[PDB]
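Peer 1: Got a structure here, written out as C-alpha cells. Questions coming.
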Amino acid sequence: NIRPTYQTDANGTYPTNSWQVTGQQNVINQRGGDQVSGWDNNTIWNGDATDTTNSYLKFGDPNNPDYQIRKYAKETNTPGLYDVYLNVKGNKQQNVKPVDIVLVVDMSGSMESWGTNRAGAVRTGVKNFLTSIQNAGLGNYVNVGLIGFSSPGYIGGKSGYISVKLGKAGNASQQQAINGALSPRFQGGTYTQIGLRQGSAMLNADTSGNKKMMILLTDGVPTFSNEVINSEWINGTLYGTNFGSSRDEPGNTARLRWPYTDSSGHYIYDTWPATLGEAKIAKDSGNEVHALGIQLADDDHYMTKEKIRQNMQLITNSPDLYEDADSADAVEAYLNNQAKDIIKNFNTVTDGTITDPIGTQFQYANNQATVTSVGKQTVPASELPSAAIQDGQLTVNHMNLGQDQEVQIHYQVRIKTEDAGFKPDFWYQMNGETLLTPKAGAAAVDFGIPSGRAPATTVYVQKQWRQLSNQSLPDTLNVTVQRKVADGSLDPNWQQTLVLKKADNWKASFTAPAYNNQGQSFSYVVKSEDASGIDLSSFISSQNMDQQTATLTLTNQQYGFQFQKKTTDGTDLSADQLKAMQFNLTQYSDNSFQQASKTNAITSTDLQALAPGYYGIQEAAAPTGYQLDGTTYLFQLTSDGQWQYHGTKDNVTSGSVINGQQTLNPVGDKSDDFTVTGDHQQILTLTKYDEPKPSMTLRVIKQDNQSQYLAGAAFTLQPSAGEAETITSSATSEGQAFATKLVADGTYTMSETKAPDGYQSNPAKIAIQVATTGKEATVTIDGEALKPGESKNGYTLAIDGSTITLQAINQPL
Ligand SMILES: [Cl-]
Ligand SMILES: [Cl-]
Ligand SMILES: [Mg+2]
C-alpha cells in the first residue's frame, strides 16, 4: 500500500507517485502516504531539510504511527551535486506486555544520619519516577510495587517489611499508596534479605510473562538475615542457598558476634552470604536486579566501603546494574534515568538500522554522513545512531527512537555524466533498495528512492575552410569530436562522429550532458582525417572551443606557391612566349636540399597547394626571346605555416624567416623576390625576371636605275606574330630602320607596299627567320635562299652583325 513503486519509460526510472522541489527540474522524489488513505496528494514543496511534516511514509496508525520515514534529494547550487536526507521518527509501542517493577527501599534508621535527606531523596525520586512514566503515556504499560524494609518490630510488626501490591503507575490511587507507604520517618535495622525475598515474591506472583525488574535503594549494610543452613562458593564468594526461620541479628554491623558453621561446612561470620544468596535466588527465578548504594560508609571496623561496594555489585545481575549515589540529587537522578530506561524499552525503533546503497549512476561527493536529532524531544548524542559510507553503501546503526524523537541523516552524491552509455534528460535512481529495520527480527520497510538527471545541451561543430582561391571543396567531411573529462584527461571511450556538409554551411550539432562529473562544462576537441574528397596534406588545422556560443570551430588553412614572370626590358610576355617557358617545383626530403623526393612542372597561372616541407623553384626554359636564368631558389613551409628562404642550390642556408618580402639574386638591373601573399600569409609568390636575348634591326636603302638614293618608297614588315609597320625610304646612304626589333626565333616578311612616284612596283615577298640566339638570320626572296652579298628581284642582302640591310634598286615607269 505504501511500498514505493517506480515507472521506467523513455524518460528513465522515477517514482510513480512523485513530488518536485520548488524551482528544481532535475530531481524527483517519492510522495509520502499512510496504510489507510495511501499516497498523499503533495506533489511540490520547498525541500527545506528542517521540515518534519511533508512526504513521510507512515507505518501503523496513520494518526499516531509506530514510525514514519522519508528519503528525498534536492539539487545544490553545484550542477549534478545533490543533498540527500533520510528522516526516521519513532514512537512508544502500544498493545504490548507491561513491565513489572518492584521498588525495594531500605527504610532503616542508618539512612537518616553527612546530614543528607536520603529518605527525602527516595520519596521525591519515587514520586518523580511514577509521574515520568505517566507523562510518557506508559501509565498502563508499567506495574509498580513497593517493598519497604527495616527490622522485625519496627516496620510491618514481626515481618520487618511493608508492601504495596503491583498496580499501574498511571493509576492515581496506586501513586497515593506507594508515596503514602514511603511518607513515614524511616527507622530500624536493615533486613535486606526480606526486601529482596518479598520483592521477588511480588514479581513472581502473577505468571504474566512480563519483564520482572527489582530496584534496591539502600546504604548497603544488612544487619539482619536468615540463618544460613546450606551455602555454595561461586567465583570466590560464599552464597547461602537454604535458610532457616531463625535470624542472624547483629543489628548495627554485618559482622555476627557469634560466627557459626552451616550444614555445608562453610564459615558464616556476617549477613552477606544470606543477602547475596537471596539475590541469587531472585535472579535465578528471572528477576532483573538493579541496585543503588547511597553514600556507602565503612561498616564500623569490619569492612571498608570499597569491599561493601564489591558485595553490592554481586547483588545485581551484573556489576554495571549497580550504581553509587554520592548525594540526594544523584538519588533523584538515578531514579529518573531508571524511568527513562523503562520508557526506552517501549521504543518502536530499538537498534534500528538503515542500509542505503548508492545508485549505479551516482558517486558519494564525500564520505561524510551527518546525524542530527530534529524531533520535539531531543535524542541525546549518546543515543544518536552512527552513519558511515563504506564500499558504495551508507549504513546507519544503533537507532533508538521513542515518542517525538526523530533523526536526519545528510549526505551528498553526484551524477556521473562521463560514464559510457550515460543518457541526459534521463532519470537515474540515487539509491539501491533503502531499508529501515526498526528492531532485531522486524521486517524491513522501504524508503522511497529519488531520481536525478542531467540536462542535455546542444554543441555546434563548425568547419572554417580557408582553402586557396583555386581549391574545390568536397560536399561533406567526416570529423570526430572527443572530450576532456573533469580529471582533464581525454575520454578514451567517448567519441562523436559528425558529417559536416557544404549545403549546411559546414555546421552540424550533437546533444550531450551540459556538465561533467564535477558539474563543469565539457572541453571538446575535433579532428578530421576524411581525405576522400580532398588531400588535407596542404592544410594546417587549428581549433577553438568557444563556451559562450557552444561552438567548436575547426579552421583548415591551405598553403600554396605561385610565381609571376617579368622582363627586365618591361615588355609583357605573350601566351606563345609562356608556352616555351618551363618552371619545375622540386620537394626535398630534408633541409640539406640534396635528395629530390618529388618534382613537377608549374606555370605562371598555377597556384599549387603545398604541404609543410622543403622545396626548390627553377626556370628550366626561358620564354621565347629571353635568356635562361637556371638559379634554383630554396624555401620551406614550416609545420606552423611560416615561410623560410634557404638560398640557392649553389648556396644552401640554414634558413631565414621570410618577413613579407625577401630580395633574391639580381637579374640585369632588377632583382628576383619572394613575397608572402594572401589574407593569411598562406601563399609564397616568386617574382622571376628574365633578361632579353640580343635582337636584330632591319634597314632599307632605296636607289634609282642610275645609283642615286631614292626617297618616299613605302616598305612593310609583317611579324608572323605582332603588328605590321611601314617605313618610307630616305635619299641618304644611312637609309631608314624599322622600329620593330626582330627578336630570337621570330618569323618576319617584308614587301614594298607603295613604290616611289615615277618607278614600277616590286611585289617580291622577303622572309626573315631570326635564329634562336637572336644574333644571326636566314633570308629568302620569293621562298628562295638569299645569302649575304647576293641579290634577287631588285634586292641586295648585306648582314652587318645584328643589322640586316636590304638594298632595293627601283626601275623607271
Ligand atoms: Cl561449595
Ligand atoms: Cl574566414
Ligand atoms: Mg541501615
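Every chain in the C-alpha cells has a letter given in the order shown (A, B, ...), and although residue numbers restart at 1 in each chain, ligands are simply numbered from 1 in the order shown.
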Any idea what's packed within 9 Å of residue A:462, counting only C-alpha atoms, ignoring anything in its chain fewer than 6 positions away? Could you give it as a ChimeraX atom specification?

Peer 2: /A:500,505-509,551-555

Peer 1: Counting only C-alpha atoms and all ligand atoms, which residues of chain A fall within 8 Å of ligand 2, and what is the closest atom pair for each with its distance in Å at one decimal, ordered by chain and rising number, as JSON lines?

Peer 2:
```
{"residue": "A:464", "atom": "CA", "partner": "ligand 2", "partner_atom_place_in_ligand_line": "1 (Cl)", "distance": 6.4}
{"residue": "A:465", "atom": "CA", "partner": "ligand 2", "partner_atom_place_in_ligand_line": "1 (Cl)", "distance": 7.1}
{"residue": "A:466", "atom": "CA", "partner": "ligand 2", "partner_atom_place_in_ligand_line": "1 (Cl)", "distance": 6.2}
```

Peer 1: Can you work out which one of A:118, A:702, A:566, A:197 has the shortest atom-to-atom distance to ligand 3, counting only C-alpha atoms and all ligand atoms?

Peer 2: A:118

Peer 1: Show me which residues are within 12 Å of ligand 1 counting only C-alpha atoms and all ligand atoms, and format the list as a ChimeraX atom specification.

Peer 2: /A:230-241,262-267

Peer 1: At a cut-off of 10 Å and counting only C-alpha atoms and all ligand atoms, what residues surround ligand 3? Please answer as a ChimeraX atom specification.

Peer 2: /A:106-113,149-151,186-192,218-224,251-253

Peer 1: Name the closest residue to residue A:366 among the candidates A:392, A:692, A:455, A:533; distances are taken between atoms, counting only C-alpha atoms.

Peer 2: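 For residue A:366, the nearest of the candidates is A:392.
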
Peer 1: What are the DSSP strand (DSSP E) residues of stretch 179-350 of chain A, as a PyMOL selection string?

Peer 2: chain A and resi 211-218+225-234+237-248+255-261+267-270+288-294+322-325+349-350

Peer 1: Would you list the contacts of stretch 412-420 of chain A as number ranges by chain, taking every protein, DNA or RNA residue within 6 Å and counting only C-alpha atoms, but skipping same-chain residues closer than 5 positions in sequence?

Peer 2: A: 80-84, 361-365, 516-517
